[PDB]
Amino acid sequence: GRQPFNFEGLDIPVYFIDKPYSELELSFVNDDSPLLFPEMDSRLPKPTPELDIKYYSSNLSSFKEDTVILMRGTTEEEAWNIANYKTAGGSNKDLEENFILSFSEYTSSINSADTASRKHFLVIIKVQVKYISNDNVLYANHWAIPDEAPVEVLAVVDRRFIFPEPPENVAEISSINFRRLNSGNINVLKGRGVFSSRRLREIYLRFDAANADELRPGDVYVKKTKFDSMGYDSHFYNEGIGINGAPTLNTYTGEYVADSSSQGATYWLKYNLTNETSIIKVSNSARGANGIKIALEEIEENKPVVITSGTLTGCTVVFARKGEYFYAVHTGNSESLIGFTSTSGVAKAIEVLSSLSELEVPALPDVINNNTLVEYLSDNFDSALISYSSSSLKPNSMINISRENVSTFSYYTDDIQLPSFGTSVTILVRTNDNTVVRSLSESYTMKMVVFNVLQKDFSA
C-alpha cells in the first residue's frame, strides 16, 4: 500500500483519532461520529461565524491583520502537509514565488466540515483575513486561501474510522419504522409531524436538480452530478436563513430524520428510519423554485428514498410523474413577499419543471397564478399533486379549476385556526419488483396533530 503518515513529530495542539458511533442508539453506525453534530466536540476550537468573516473581509483595511478560525475536510496526506509546512495548501513554496495562484478552500460551516471530513481528516486552522476570499467559491460558507499562505494549525482529527467491523427502544422502533417504509407503506410517515435536516450525506441515488431564483435572472441552474461531500452548492443554499444560512436542497441518511433546524418537528427528533434510508430535502429558493427529477428505475431494493419539503407555511410543493420519472418542486420565497408565491413562484416552478422535463417553456398567460400551475401540470405531466396555501383574501392563491390528472391540497385555508403548518412528502420504494411511489400531504393544528390529509399514489 502507501506508507501511513506519522503525525507525532508535527506541531499540532489537538490531534486524535475519532471514534464512530459503533465504538462509543446508533451502535451499528461505524462510518460516522458525533464529533461535529449536533454539538462540536469540546476538544475542538470553534470556527468564526460566517457573518463575522464576511464582516472582516468586507472591511479589509480595518481587519486585514486579524484572524479567523476555519475548518476543512482533507485526505491524510493533505492534512499532514498542512500541519508540516504550516501553509493553507500544504505547500512549501514561498508566497513570493507566485510573483516571479493555487488555492485551497476552507469553510466556516460545521455541517460542511462534518460532511467533508467524515471517513477522512478534519483540519482546523487560524488564518489572517488578508489571505482569504470567497469571490469564486462554488460552495456555501467557503473561503479560498492561497496554497502558500501561512496558517496556524489548531487541530487535526483522523476520522477514517479504522475499527474492526461491528458483529427507550429508539433503535428497535426505528428498525420497525424502516421495515414499514421498506414495505412501501406510507403510513409510517402519517401524523408524526414534519421532518427536515441540514445534514449533508451523499446518497446512492443520482438525480437531476434545478434552481430558478430572482437573484439570478435569465437562467435555470441545473445540477446533474451527485450531491456529495465537497460542500453545499451555493445555488441550493440561502444565506439569509438564520445566521450562517441554510441549504435549500440537500440529501442525508435516515439515522437522523429531523434535527433542531426543523421547525415544529416532534416524533422525528426522537426516532429515525436508520441509515439505510435516503432522504432528499427540497425547500423553496430564496425567491423561486428548487426541483428534482428521479428515474424510477434507479430506486434500489432495500434502499428506500424519502422526499421531504419541511415545514410549509405559505410555499407550494408539487409532486408529479411523467413516464418513468418522478418530479418534486418546491417554490416560494424566504423574503416575506406578499403575493409572490402564487404568481412569480408559479413562474419559477414552471421554469424548473420545463427545464427538468427537457421542454421549452410553453406560452403562458399575462397573469400567472395557481390556476396556471394546475393547467401547466395537467397538460405536460401524467399526474400531479399541488400542496399550497390559499386565502380568499389573496385571489391569486385560490384554485377554482380542476383537472382530472391534478390533485390539489390547500394545507392552509382561512378556515384554519393558527398556529398551523403543512407537510408534503413522498416515498419511493423498490419492492415486489416495482417502484412504489406514494405522496402524502398533511395539515397540522393546535402539541400539533394532523386533521386534514391528501394521499396520492403515483405508481401502477
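Counting begins at 1, following the sequence as shown.
Gap check for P167 to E168: 10 or more deposited residues are absent from the model.
Missing coordinates between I100 and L101 amount to 4 to 9 residues of the deposited sequence.
Per the PDB record, of the two stretches 432-440 and 5-13, 432-440 carries the greater mean B-factor over its C-alpha atoms.
The mean Cα B-factor in the deposited entry runs higher for 410-418 than for the other of 32-40 and 410-418. When the C-alpha B-factors of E276, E76, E105, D94 are read from the PDB record, the largest value belongs to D94. The entry lists a Cα temperature factor for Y376 that places it in the highest third of the chain's modelled residues. Annotation for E148: C-alpha temperature factor in the middle third relative to the rest of the modelled chain, per the entry. Sort the modelled residues of the chain by CA B factor and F121 lands in the lowest third. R216: CA B factor in the highest third of modelled residues in this chain (values from the PDB entry). Among all modelled residues in its chain, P304 ranks in the middle third by Cα B-factor.
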